[PDB]
């Protein structure tokens, strides 16, 4: 195998690195996987389809302009170059290789499109028509947007967008399911907690966080239990950043944030789908859980779960490993159909006060078709009132002892509106047996005399009842 000759490929340290601090993408390229036959769409502010490093891979069938209702996602050019982001993301996935221009995409032989949908009023309908674009042609969608990262918002997809997720994973891609790759958020400076973002907190999105070049949690990172894995992005001014295509037919070395991590993940997922086109949306999440690598990512919260995998709320299961993903995909056996076990926990409302603990021993639908012995996602769907929402911290402990932070204190969240059946999600108990005692902890982290009531706690388990590996 001959590595790319593009002039900025040596600057693509997160691909071309020879020091083991990279996404192990050359190993997938050398196995023969470059994205041939896979179609990725960037849902953002448009795509410069004539960019010299994108035109060769551009796919109009992966593209649309939802803001102006036309097929052409070309960005709106302004003095401030406001609408450059989708072009930057597109080049991360699928910039052309070996053409003397800028660098390369992770999946540099994949086809790449863009939906122009952020440059206007972004309604539920706009989101839904974007997520649902051409779902039997587009394989993978990448989205680096969502509710405001102000550290005080709790919001998620409204009805049309949630319907789009369900239709995408159910009937999209020939019934295998659209793969929705999501950036987990950029609200770190505001102490944001990403389970308060219903797009990344969804089980239907494959949520990705960032690590800096030196292996640290960047300033902009949000921790939460819904994140699945990590790719490199930007950090401090001594650390390099992401190198990609830019607006006006240029090349940038300064693409940043979790917004740059999701496209890199989408590219790795494209290589993986080339290696096994029959993978379902759930298979892909299993592959990420099994192959991602904690090594040399620094965090104070690495914990071993019940099947011996290390997990962090900053990083999920760790860095994506493209070579390991494509290798494991090739002979992967499709997972069994998804089961859903609904357990309504409370028999009475519970005062929260300073601290509340709810313990319940469950059988996980023993004796029923939805019996789960192998967990995938778990949710604690909570309905509660509280006088100052951001003083709450919430944890969920699985029977195997895995402590998931469902909500960390958010100092800017002064809301008195509480949570209305909010489905806090954790990936940290993946492959555990969920039978046994679960513990929900709700704590007032402030010295104030705060008050409220938990009125509903539904534990929702997803998973199967067959096919476990020996614990790591």
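Residue numbers count along the first chain shown, from 1.
Visitor: Between 329-337 and 257-265, which has the larger average Cα B-factor in the PDB entry?
Guide: Higher of the two, by average CA B-factor, is 329-337.
Visitor: Mind pulling up the entry and telling me whether 159-167 or 246-254 has the higher mean Cα temperature factor?
Guide: Mean C-alpha B-factor is greater for 246-254.
Visitor: Highest Cα B-factor in the deposition, which of 218, 177, 120, 198?
Guide: Reading the PDB entry, the winner on C-alpha B-factor is 120.
Visitor: If I read the C-alpha B-factors straight from the PDB entry, which of 464, 455, 458, 24 is highest?
Guide: Checking the PDB record, the top C-alpha B-factor among 464, 455, 458, 24 is at 24.
Visitor: Sort the modelled residues of this chain by their C-alpha B factor and say whether residue 34 lands in the lowest, middle or highest third.
Guide: As the PDB entry reports it, the C-alpha B-factor of residue 34 lands in the highest third of its chain.
Visitor: How does the C-alpha B factor of residue 224 compare with the rest of the chain: lowest, middle or highest third?
Guide: Lowest third.
Visitor: Residue 431: which third of its chain by C-alpha temperature factor?
Guide: For residue 431, whose C-alpha B-factor we compare with every modelled residue in the chain, the answer is the lowest third.
Visitor: Please rank the C-alpha B-factors of the chain's modelled residues and tell me whether residue 408 sits in the lowest, middle or highest third.
Guide: As the PDB entry reports it, the C-alpha B-factor of residue 408 lands in the lowest third of its chain.
Visitor: Using the B-factors in the PDB entry, rank residue 313's C-alpha atom against the chain and give the third, lowest, middle or highest.
Guide: Residue 313: CA B-factor falls in the lowest third of its chain.
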